[PDB]
Amino acid sequence: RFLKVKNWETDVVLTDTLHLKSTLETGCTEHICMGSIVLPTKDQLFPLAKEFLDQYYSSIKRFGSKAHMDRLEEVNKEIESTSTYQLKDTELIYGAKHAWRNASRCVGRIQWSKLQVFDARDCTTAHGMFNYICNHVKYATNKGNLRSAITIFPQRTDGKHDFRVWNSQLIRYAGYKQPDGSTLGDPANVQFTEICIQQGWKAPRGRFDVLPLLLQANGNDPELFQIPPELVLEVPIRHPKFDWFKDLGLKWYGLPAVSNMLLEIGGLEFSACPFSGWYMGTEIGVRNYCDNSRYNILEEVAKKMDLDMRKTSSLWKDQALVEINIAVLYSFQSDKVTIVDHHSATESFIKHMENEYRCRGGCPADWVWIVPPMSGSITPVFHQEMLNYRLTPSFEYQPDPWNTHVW
Amino acid sequence: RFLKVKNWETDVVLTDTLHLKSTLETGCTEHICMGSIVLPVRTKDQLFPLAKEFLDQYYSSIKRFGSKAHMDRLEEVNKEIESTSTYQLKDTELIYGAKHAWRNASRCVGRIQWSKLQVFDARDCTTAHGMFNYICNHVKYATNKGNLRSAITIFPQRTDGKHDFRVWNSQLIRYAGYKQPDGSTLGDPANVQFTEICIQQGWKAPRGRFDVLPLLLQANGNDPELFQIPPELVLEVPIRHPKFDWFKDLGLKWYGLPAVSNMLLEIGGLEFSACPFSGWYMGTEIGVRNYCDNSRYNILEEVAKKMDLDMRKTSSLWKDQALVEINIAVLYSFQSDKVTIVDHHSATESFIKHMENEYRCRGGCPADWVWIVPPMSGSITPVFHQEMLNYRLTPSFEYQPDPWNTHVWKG
Ligand code: HEM
Ligand code: HEM
Ligand SMILES: N=C(NCCC[C@H](N)C(=O)N[C@H]1CN[C@H](C(N)=O)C1)N[N+](=O)[O-]
Ligand SMILES: N=C(NCCC[C@H](N)C(=O)N[C@H]1CN[C@H](C(N)=O)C1)N[N+](=O)[O-]
Ligand SMILES: C[C@H](O)[C@H](O)[C@H]1CNc2nc(N)[nH]c(=O)c2N1
Ligand SMILES: C[C@H](O)[C@H](O)[C@H]1CNc2nc(N)[nH]c(=O)c2N1
Ligand SMILES: [Zn+2]
């Protein structure tokens with residue numbers, strides 16, 4: 001019932017009770033753990049809504065109040081009547097901040113309470129959506145001094161009128177498969193980069209072509225839009241010692257903004273809720289630049305450093321890795337763009353975890369994702385036992401639209 | 001039921017049916033994952049079924065399932081159990097069981113070597129002195145002058161639980177840790193508690209930074225006894241760097257033989273409480289964890305100062321730069337002195353191949369991602385991108401409580 005988590009570096013033991021409010025399933029069972037797997041009705045609605053309001057009113061110290069009882073009845077009626085309901089703005093904001101609060105895979109949750117919420121529920125078209133998105137991008141970028149934000153489009157009705165942003169992030173580079181068999185640009189986006197062309201986009205076939213937004217409103221077909229170049233802040237990547245680094249011609253955008261997830265609040269579903277914070281260095285330096293299925297630049301950087309790539313035991317890949325990461329952080333800091341290094345980010349998460357354990361009774365956390373992709377054990381999260389479970393409100397994965405859309 | 005795992009770097013998908021033979025629990029439920037938690041006398045009633053499953057697995061492995069030799073063995077064990085309440089394994093079954101406990105160890109990245117385990121049968125052992133002799137022979141055989149060979153030595157199994165054989169050391173070879181009155185620690189902080197127990201038992205500690213601890217051996221449930229491993233049998237490696245001539249001046253060295261000695265080996269229901277085993281080191285175990293954990297030798301600062309790195313802000317990644325160099329140093333030293341060792345790229349690449357082979361020939365390969373992925377450079381090794389399934393199969397190696405916590409001293 002009452003589980004404990006120990007930190008093996010400091011011996012600190014914390015007790016977790018919050019998991020007892022868990023509702024969804026983990027993917028695991030008493031016989032098999034799937035901890036490393038990436039993707040493991042009016043009757044159904046009212047209980048969900050009730051759970052939500054109860055936690056909302058409890059949070060505002062008005063649990064079991066008339067206000068609580070009243071709103072509770074109002075939604076009940078509305079659901080029985082409209083088969084659904086609408087959240088007050090206060091509930092919308094609270095639900096959003098909490099879905100972030102509950103994202104077990106996010107290392108930056110110490111910032112959860114400061115989220116700026118943009119209510120875009122009154123949106124009706126793709127141009128509208130485009131307008132809302134440009135505004136989000138500009139507000140969030142804030143000339144390099146990034147601020148967390150989320151823009152929430154209209155909730156689901158009959159699934160046949162869902163709003164969706166086809167991009168996986170508001171800002172991502174294109175990927176083209178060249179005759180060479182090789183891939184130009186970002187391999188992760190190759191497919192999408194084609195679905196844009198299949199819609200009309202005039203790809204510039206470069207190594208870093210900011211993709212175009214493909215916005216879908218009320219279930220209609222998606223439309224393209226080219227984010228104002230002046231609103232997309234990019235950082236040229238240069239090393240603070242290796243002048244040849246700049247010749248690699250690498251650059252990355254300053255705004256990470258997941259746009260393909262689904263936000264669930266009180267049973268209600270929001271299929272279009274792009275959100276953004278700021279990068280942790282490693283996301284770019286390790287994964288985007290060094291994953292083999294991505295820009296895979298380790299060999300190139302290795303060569304330029306004149307390292308002995310003959311034997312893996314020379315740890316050349318590891319040395320190159322560190323440098324590629326030193327340059328990203330350096331480049332971002334120099335241009336005054338917000339970015340956090342894995343040491344600082346993990347330290348803050350540990351601090352956040354401790355606050356959460358004593359003020360909320362726990363903090364769902366996915367160790368496989370919280371531990372940085374480099375120098376794992378030299379960060380404090382490596383030594384921290386964590387409990388993973390699903391709390392609502394939450395951010396969930398959802399099928400790509402192009403594999404579900406009835407044109 | 002079938003379970004698929006995918007490699008997100010190569011898009012390869014594998015199917016797992018082996019998990020169906022999994023009996024033991026994981027610590028997880030449909031409502032919570034405990035994947036990152038370190039630690040989440042039998043009765044005749046529960047023994048024969050356990051013996052039976054094992055024998056069935058054993059006879060299928062040798063292509064004689066259902067044979068007369070198979071049925072006669074089951075009858076013999078059954079009679080023996082009701083007759084004596086327990087049973088003895090044949091040499092063949094012991095060897096098979098030991099190899100399979102390793103093969104089933106989900107936290108081990110070196111399993112590609114599993115079938116090559118040299119098994120030493122020490123079931124005829126009766127005294128601590130005898131235990132010391134078997135262990136010296138194990139160390140010498142396994143070390144092989146630097147060309148390491150996997151080995152395990154198996155002491156008498158548990159009977160009533162009051163006559164256990166235990167090796168109190170957590171590893172046959174380890175450096176002493178000493179708590180100073182000023183609160184600082186000399187040596188390996190990880191071994192301070194055990195070191196105190198040794199001194200209390202009469203060990204004369206030399207109090208240096210790398211003193212090989214003595215063996216504290218418990219036979220037949222009696223009080224443990226101290227023995228010093230002949231120095232000439234302990235292979236050690238001075239750590240130096242291939243380009244930084246000042247590295248050697250750090251005064252670092254490490255033993256060459258890693259030998260877990262505090263785990264319990266379970267085979268067909270039988271419990272072997274003293275079963276020291278050894279293979280060889282993956283570099284990061286020494287370079288990353290033993291040297292750089294804040295709770296161990298903690299040398300990152302000193303190494304960073306010497307390299308004269310910008311330690312003014314973590315964002316310069318000085319800790320990361322120093323870590324890589326320390327790890328290059330460990331691999332270079334071992335290779336130079338011709339002592340077996342493997343780097344994390346090589347070990348993880350071998351594990352992936354081993355894993356695929358297992359899915360294809362065995363129907364699966366229980367693996368703990370949290371432990372398999374190296375403590376540095378995670379995503380540039382193939383295992384980071386590999387989905388894994390973790391479950392418990394027997395025979396197996398299990399944790400057991402430290403003996404000083406449960407021992408009834410006789411004095
Ligand atoms: C303020 C700075 C923030 C930092 C430094 C941060 C950092 C991170 C990191 C490093 C990851 C892993 C990314 C990956 O490997 O793909 C992550 C994942 C995630 N974060 Fe945060 N984050 C921040 C803001 C946000 C915000 C504002 C939200 C939502 C409102 C959020 C929701 C999540 C979710 C749901 C995931 C997992 C997504 C997935 O499964 O792909 N994060 N974050
Ligand atoms: C041939 C060399 C081998 C290599 C390179 C190898 C590598 C490793 C490494 C790196 C770990 C993680 C250790 C840690 O982080 O504390 C591990 C764990 C483990 N290995 Fe192996 N191993 C080898 C041989 C063996 C043998 C011979 C056995 C058993 C017969 C074995 C049983 C285990 C067990 C049970 C664990 C987990 C121990 C624990 O939970 O503390 N390994 N191995
Ligand atoms: N720092 C982030 N990071 C999350 C988005 C960027 C991340 N580096 C990324 O590329 N995410 C993709 C690829 N892997 C995720 C998946 N589940 O497949 C989505 N978000 N934020 O709001 O501050
Ligand atoms: N390569 C190894 N490694 C395992 C032993 C060395 C390991 N670095 C170690 O010190 N293990 C201790 C500390 N942590 C484990 C635990 N569960 O607490 C035991 N063994 N082998 O047989 O080849
Ligand atoms: C297979 C494995 O689950 C996969 O590679 C995971 C591991 N941990 C991760 N952690 C983070 N933060 N992001 C990722 O994309 C992943 N990928
Ligand atoms: C808390 C967490 O489980 C713990 O620090 C684990 C993580 N992964 C590990 N992996 C290996 N190989 N060895 C360890 O000691 C650990 N420690
Ligand atoms: Zn699990």
# chains A, B, ... in the order shown; residues from 1 in each chain; ligands from 1
>>> interface_residues(of="chain A", to="chain B", cutoff="8 Å", atoms="only C-alpha atoms", output="VMD selection string")
chain A and resid 5 9 19 22 to 38 286 to 287 290 to 293 312 to 315 317 to 319 321 to 322 326 329 to 330 341 343 to 344 367 to 368 373 to 378 385 to 390
>>> select_by_dssp(residues="range 165-294 of chain B", states="alpha helix (DSSP H)", output="PyMOL selection string")
chain B and resi 192-200+283-284+291-292
>>> residues_around(residues="range 153-165 of chain A", least_positions_apart="2", cutoff="10 Å", atoms="only C-alpha atoms", output="PyMOL selection string")
chain A and resi 83-86+118-126+129-130+132-133+150-151+167-170+213-220+222-223+258-265+268-274+400-401+405-406
>>> residues_around(residues="range 81-96 of chain B", least_positions_apart="5", cutoff="8 Å", atoms="only C-alpha atoms", output="list in words")
residues 43, 44, 47, 48, 58, 119, 121, 159, 267 and 270 of chain B
>>> select_by_dssp(residues="range 121-358 of chain B", states="strand (DSSP E or B)", output="number ranges by chain")
B: 121, 151-154, 166-167, 171, 175, 177-179, 185-187, 212, 215-218, 225-227, 236-238, 253-255, 260, 264-267, 270-272, 277-278, 282, 342
>>> closest_atom_pairs(of="chain B", to="ligand 4", cutoff="6 Å", atoms="only C-alpha atoms and all ligand atoms", output="CSV")
residue,atom,partner,partner_atom_place_in_ligand_line,distance
B:258,CA,ligand 4,20 (N),5.0
B:259,CA,ligand 4,22 (O),5.5
B:260,CA,ligand 4,5 (C),5.4
B:277,CA,ligand 4,22 (O),5.8
B:278,CA,ligand 4,22 (O),3.7
B:279,CA,ligand 4,23 (O),3.2
B:280,CA,ligand 4,23 (O),4.2
B:281,CA,ligand 4,1 (N),4.3
B:282,CA,ligand 4,1 (N),6.0
B:285,CA,ligand 4,8 (N),4.7
>>> write_last_selection(atoms="C-alpha atoms", output="CSV table (one decimal), in the first residue's frame")
chain,number,residue,atom,x,y,z
B,258,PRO,CA,35.3,-9.2,-10.2
B,259,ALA,CA,33.7,-11.9,-8.1
B,260,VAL,CA,30.3,-11.5,-6.6
B,277,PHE,CA,31.2,-16.5,-9.4
B,278,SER,CA,33.5,-14.4,-11.6
B,279,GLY,CA,33.9,-13.3,-15.2
B,280,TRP,CA,35.8,-10.1,-16.2
B,281,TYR,CA,35.2,-6.3,-16.0
B,282,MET,CA,33.4,-4.0,-18.4
B,285,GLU,CA,32.2,-0.6,-13.8
>>> residues_around(residues="range 68-76 of chain B", least_positions_apart="5", cutoff="9 Å", atoms="only C-alpha atoms", output="ChimeraX atom specification")
/B:48,51-52,55-56,59,81
>>> residues_near_ligand(ligand="ligand 2", cutoff="7 Å", atoms="only C-alpha atoms and all ligand atoms", output="list in words")
residues 98, 99, 101, 102, 105, 107, 108, 109, 110, 111, 113, 114, 117, 150, 151, 152, 277, 278, 279, 280, 281, 282, 285, 342, 347, 371 and 397 of chain B
>>> closest_atom_pairs(of="chain A", to="ligand 1", cutoff="7 Å", atoms="only C-alpha atoms and all ligand atoms", output="tab-separated table")
residue	atom	partner	partner_atom_place_in_ligand_line	distance
A:96	CA	ligand 1	30 (C)	6.9
A:97	CA	ligand 1	30 (C)	6.8
A:100	CA	ligand 1	29 (C)	4.7
A:103	CA	ligand 1	35 (C)	4.9
A:105	CA	ligand 1	37 (C)	4.9
A:106	CA	ligand 1	17 (C)	3.9
A:107	CA	ligand 1	8 (C)	5.1
A:108	CA	ligand 1	4 (C)	3.9
A:109	CA	ligand 1	23 (C)	6.6
A:111	CA	ligand 1	1 (C)	5.8
A:112	CA	ligand 1	27 (C)	6.9
A:115	CA	ligand 1	27 (C)	6.3
A:148	CA	ligand 1	27 (C)	4.9
A:149	CA	ligand 1	27 (C)	5.9
A:150	CA	ligand 1	30 (C)	6.0
A:275	CA	ligand 1	30 (C)	5.2
A:276	CA	ligand 1	27 (C)	4.9
A:277	CA	ligand 1	1 (C)	3.7
A:278	CA	ligand 1	2 (C)	4.6
A:279	CA	ligand 1	5 (C)	5.5
A:280	CA	ligand 1	5 (C)	5.3
A:283	CA	ligand 1	15 (O)	6.2
A:340	CA	ligand 1	5 (C)	6.4
A:345	CA	ligand 1	5 (C)	6.6
A:369	CA	ligand 1	12 (C)	6.4
A:395	CA	ligand 1	35 (C)	5.2
>>> closest_atom_pairs(of="chain A", to="ligand 6", cutoff="6 Å", atoms="only C-alpha atoms and all ligand atoms", output="tab-separated table")
residue	atom	partner	partner_atom_place_in_ligand_line	distance
A:382	CA	ligand 6	5 (O)	5.1
A:383	CA	ligand 6	5 (O)	3.5
A:384	CA	ligand 6	1 (C)	4.4
A:385	CA	ligand 6	1 (C)	3.9
>>> closest_residue(among="B:193, B:206, B:234, B:1", to="residue 16 in chain B", atoms="only C-alpha atoms")
B:1
>>> closest_residue(among="B:42, B:127, B:215, B:12", to="ligand 5", atoms="only C-alpha atoms and all ligand atoms")
B:12
>>> closest_residue(among="B:13, B:252, B:155, B:230", to="ligand 5", atoms="only C-alpha atoms and all ligand atoms")
B:13
>>> closest_residue(among="A:209, A:347, A:366, A:323", to="ligand 5", atoms="only C-alpha atoms and all ligand atoms")
A:366
>>> atom_distance(atom1="CA of residue 268 in chain B", atom2="CA of residue 168 in chain B")
24.6 Å
>>> decode(residues="range 201-332 of chain B", atoms="C-alpha atoms", output="PDB file, in the first residue's frame")
ATOM      1  CA  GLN B 201      37.093 -10.312  14.043  1.00  0.00           C
ATOM      2  CA  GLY B 202      40.798  -9.746  14.521  1.00  0.00           C
ATOM      3  CA  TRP B 203      41.998  -8.503  11.141  1.00  0.00           C
ATOM      4  CA  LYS B 204      44.986  -6.161  11.378  1.00  0.00           C
ATOM      5  CA  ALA B 205      44.105  -3.408   8.941  1.00  0.00           C
ATOM      6  CA  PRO B 206      47.059  -1.700   7.212  1.00  0.00           C
ATOM      7  CA  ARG B 207      44.787   1.340   6.709  1.00  0.00           C
ATOM      8  CA  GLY B 208      45.840   2.338   3.187  1.00  0.00           C
ATOM      9  CA  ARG B 209      43.732   3.414   0.201  1.00  0.00           C
ATOM     10  CA  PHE B 210      43.760   0.002  -1.512  1.00  0.00           C
ATOM     11  CA  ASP B 211      44.058  -2.814   1.015  1.00  0.00           C
ATOM     12  CA  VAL B 212      42.662  -6.114  -0.242  1.00  0.00           C
ATOM     13  CA  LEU B 213      40.199  -7.301   2.385  1.00  0.00           C
ATOM     14  CA  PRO B 214      40.474 -10.686   4.041  1.00  0.00           C
ATOM     15  CA  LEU B 215      37.974 -13.465   3.422  1.00  0.00           C
ATOM     16  CA  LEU B 216      35.478 -14.045   6.212  1.00  0.00           C
ATOM     17  CA  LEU B 217      34.175 -17.549   5.657  1.00  0.00           C
ATOM     18  CA  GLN B 218      31.198 -19.321   7.237  1.00  0.00           C
ATOM     19  CA  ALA B 219      30.889 -23.132   6.985  1.00  0.00           C
ATOM     20  CA  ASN B 220      27.985 -25.293   8.109  1.00  0.00           C
ATOM     21  CA  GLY B 221      26.368 -22.467  10.066  1.00  0.00           C
ATOM     22  CA  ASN B 222      29.377 -21.939  12.344  1.00  0.00           C
ATOM     23  CA  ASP B 223      30.881 -18.535  13.165  1.00  0.00           C
ATOM     24  CA  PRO B 224      32.889 -17.125  10.246  1.00  0.00           C
ATOM     25  CA  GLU B 225      36.681 -17.237  10.120  1.00  0.00           C
ATOM     26  CA  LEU B 226      39.331 -14.961   8.616  1.00  0.00           C
ATOM     27  CA  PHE B 227      41.832 -15.841   5.898  1.00  0.00           C
ATOM     28  CA  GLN B 228      44.106 -13.698   3.791  1.00  0.00           C
ATOM     29  CA  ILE B 229      44.162 -14.467   0.073  1.00  0.00           C
ATOM     30  CA  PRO B 230      47.805 -15.091  -0.889  1.00  0.00           C
ATOM     31  CA  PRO B 231      48.922 -11.728  -2.403  1.00  0.00           C
ATOM     32  CA  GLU B 232      50.574 -13.440  -5.367  1.00  0.00           C
ATOM     33  CA  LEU B 233      47.089 -14.655  -6.367  1.00  0.00           C
ATOM     34  CA  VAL B 234      45.556 -11.151  -6.514  1.00  0.00           C
ATOM     35  CA  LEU B 235      46.125  -9.600  -9.929  1.00  0.00           C
ATOM     36  CA  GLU B 236      46.065  -5.816  -9.807  1.00  0.00           C
ATOM     37  CA  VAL B 237      46.420  -3.141 -12.489  1.00  0.00           C
ATOM     38  CA  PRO B 238      48.102   0.300 -11.980  1.00  0.00           C
ATOM     39  CA  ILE B 239      45.978   2.888 -13.772  1.00  0.00           C
ATOM     40  CA  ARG B 240      47.694   5.304 -16.157  1.00  0.00           C
ATOM     41  CA  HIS B 241      46.628   7.391 -19.176  1.00  0.00           C
ATOM     42  CA  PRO B 242      47.910   7.004 -22.766  1.00  0.00           C
ATOM     43  CA  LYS B 243      48.610  10.743 -23.148  1.00  0.00           C
ATOM     44  CA  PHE B 244      48.390  12.333 -19.693  1.00  0.00           C
ATOM     45  CA  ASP B 245      51.618  11.405 -17.952  1.00  0.00           C
ATOM     46  CA  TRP B 246      50.292  12.875 -14.699  1.00  0.00           C
ATOM     47  CA  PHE B 247      47.489  10.295 -14.532  1.00  0.00           C
ATOM     48  CA  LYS B 248      49.735   7.640 -12.959  1.00  0.00           C
ATOM     49  CA  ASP B 249      50.491  10.133 -10.191  1.00  0.00           C
ATOM     50  CA  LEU B 250      46.884   9.825  -8.998  1.00  0.00           C
ATOM     51  CA  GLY B 251      47.979   6.596  -7.332  1.00  0.00           C
ATOM     52  CA  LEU B 252      45.074   4.587  -8.736  1.00  0.00           C
ATOM     53  CA  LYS B 253      44.880   0.841  -9.309  1.00  0.00           C
ATOM     54  CA  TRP B 254      42.132  -1.828  -9.301  1.00  0.00           C
ATOM     55  CA  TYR B 255      41.955  -5.631  -8.985  1.00  0.00           C
ATOM     56  CA  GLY B 256      41.371  -7.585 -12.205  1.00  0.00           C
ATOM     57  CA  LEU B 257      38.872 -10.181 -11.022  1.00  0.00           C
ATOM     58  CA  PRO B 258      35.294  -9.154 -10.241  1.00  0.00           C
ATOM     59  CA  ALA B 259      33.740 -11.897  -8.109  1.00  0.00           C
ATOM     60  CA  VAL B 260      30.274 -11.540  -6.619  1.00  0.00           C
ATOM     61  CA  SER B 261      30.136 -13.812  -3.575  1.00  0.00           C
ATOM     62  CA  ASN B 262      26.964 -12.847  -1.697  1.00  0.00           C
ATOM     63  CA  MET B 263      24.236 -14.107  -3.979  1.00  0.00           C
ATOM     64  CA  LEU B 264      22.088 -17.202  -3.669  1.00  0.00           C
ATOM     65  CA  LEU B 265      21.863 -19.717  -6.500  1.00  0.00           C
ATOM     66  CA  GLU B 266      18.533 -21.511  -6.842  1.00  0.00           C
ATOM     67  CA  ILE B 267      18.328 -24.776  -8.805  1.00  0.00           C
ATOM     68  CA  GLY B 268      15.306 -27.093  -8.817  1.00  0.00           C
ATOM     69  CA  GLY B 269      14.195 -25.726  -5.466  1.00  0.00           C
ATOM     70  CA  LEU B 270      17.591 -26.266  -3.878  1.00  0.00           C
ATOM     71  CA  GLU B 271      19.257 -23.207  -2.327  1.00  0.00           C
ATOM     72  CA  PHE B 272      23.011 -22.656  -2.665  1.00  0.00           C
ATOM     73  CA  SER B 273      23.796 -19.778  -0.269  1.00  0.00           C
ATOM     74  CA  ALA B 274      27.536 -19.719  -1.024  1.00  0.00           C
ATOM     75  CA  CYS B 275      28.248 -19.671  -4.758  1.00  0.00           C
ATOM     76  CA  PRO B 276      30.996 -17.150  -5.647  1.00  0.00           C
ATOM     77  CA  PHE B 277      31.233 -16.523  -9.413  1.00  0.00           C
ATOM     78  CA  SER B 278      33.494 -14.427 -11.628  1.00  0.00           C
ATOM     79  CA  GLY B 279      33.899 -13.269 -15.213  1.00  0.00           C
ATOM     80  CA  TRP B 280      35.783 -10.094 -16.210  1.00  0.00           C
ATOM     81  CA  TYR B 281      35.168  -6.311 -15.977  1.00  0.00           C
ATOM     82  CA  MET B 282      33.372  -4.036 -18.403  1.00  0.00           C
ATOM     83  CA  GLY B 283      35.415  -0.811 -18.187  1.00  0.00           C
ATOM     84  CA  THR B 284      32.692   1.505 -16.907  1.00  0.00           C
ATOM     85  CA  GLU B 285      32.195  -0.568 -13.776  1.00  0.00           C
ATOM     86  CA  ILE B 286      35.609   0.748 -12.640  1.00  0.00           C
ATOM     87  CA  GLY B 287      35.987   4.042 -14.554  1.00  0.00           C
ATOM     88  CA  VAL B 288      32.441   5.329 -14.026  1.00  0.00           C
ATOM     89  CA  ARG B 289      31.000   3.713 -10.876  1.00  0.00           C
ATOM     90  CA  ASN B 290      33.934   2.641  -8.667  1.00  0.00           C
ATOM     91  CA  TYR B 291      36.015   5.758  -9.442  1.00  0.00           C
ATOM     92  CA  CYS B 292      33.434   8.490 -10.056  1.00  0.00           C
ATOM     93  CA  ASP B 293      30.337   7.702  -7.996  1.00  0.00           C
ATOM     94  CA  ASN B 294      30.061  10.448  -5.352  1.00  0.00           C
ATOM     95  CA  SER B 295      29.794   7.600  -2.825  1.00  0.00           C
ATOM     96  CA  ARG B 296      32.906   5.713  -3.982  1.00  0.00           C
ATOM     97  CA  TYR B 297      36.425   6.997  -4.730  1.00  0.00           C
ATOM     98  CA  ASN B 298      34.974  10.212  -6.185  1.00  0.00           C
ATOM     99  CA  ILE B 299      37.946  11.342  -8.317  1.00  0.00           C
ATOM    100  CA  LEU B 300      36.210  13.562 -10.890  1.00  0.00           C
ATOM    101  CA  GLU B 301      37.337  16.876  -9.308  1.00  0.00           C
ATOM    102  CA  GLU B 302      40.962  15.931  -8.843  1.00  0.00           C
ATOM    103  CA  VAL B 303      41.088  14.618 -12.408  1.00  0.00           C
ATOM    104  CA  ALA B 304      39.364  17.748 -13.674  1.00  0.00           C
ATOM    105  CA  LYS B 305      41.727  20.086 -11.806  1.00  0.00           C
ATOM    106  CA  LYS B 306      44.793  18.316 -13.286  1.00  0.00           C
ATOM    107  CA  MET B 307      43.272  18.560 -16.774  1.00  0.00           C
ATOM    108  CA  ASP B 308      42.672  22.215 -15.888  1.00  0.00           C
ATOM    109  CA  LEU B 309      39.055  22.295 -17.051  1.00  0.00           C
ATOM    110  CA  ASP B 310      36.559  25.098 -16.498  1.00  0.00           C
ATOM    111  CA  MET B 311      34.914  23.815 -13.300  1.00  0.00           C
ATOM    112  CA  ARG B 312      33.160  27.154 -12.786  1.00  0.00           C
ATOM    113  CA  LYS B 313      29.902  25.970 -14.356  1.00  0.00           C
ATOM    114  CA  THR B 314      28.512  22.470 -14.937  1.00  0.00           C
ATOM    115  CA  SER B 315      27.489  23.608 -18.434  1.00  0.00           C
ATOM    116  CA  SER B 316      31.114  23.300 -19.639  1.00  0.00           C
ATOM    117  CA  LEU B 317      30.646  19.560 -19.119  1.00  0.00           C
ATOM    118  CA  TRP B 318      33.961  19.257 -17.304  1.00  0.00           C
ATOM    119  CA  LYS B 319      32.645  16.303 -15.315  1.00  0.00           C
ATOM    120  CA  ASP B 320      31.763  14.597 -18.612  1.00  0.00           C
ATOM    121  CA  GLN B 321      35.162  15.304 -20.193  1.00  0.00           C
ATOM    122  CA  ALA B 322      37.060  14.016 -17.172  1.00  0.00           C
ATOM    123  CA  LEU B 323      34.837  10.937 -16.997  1.00  0.00           C
ATOM    124  CA  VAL B 324      35.752   9.932 -20.566  1.00  0.00           C
ATOM    125  CA  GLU B 325      39.496  10.316 -19.880  1.00  0.00           C
ATOM    126  CA  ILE B 326      39.325   8.289 -16.629  1.00  0.00           C
ATOM    127  CA  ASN B 327      37.534   5.553 -18.535  1.00  0.00           C
ATOM    128  CA  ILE B 328      40.109   5.625 -21.374  1.00  0.00           C
ATOM    129  CA  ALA B 329      42.766   5.284 -18.698  1.00  0.00           C
ATOM    130  CA  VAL B 330      41.184   2.121 -17.215  1.00  0.00           C
ATOM    131  CA  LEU B 331      40.823   0.362 -20.567  1.00  0.00           C
ATOM    132  CA  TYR B 332      44.335   1.372 -21.678  1.00  0.00           C
TER     133      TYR B 332
END
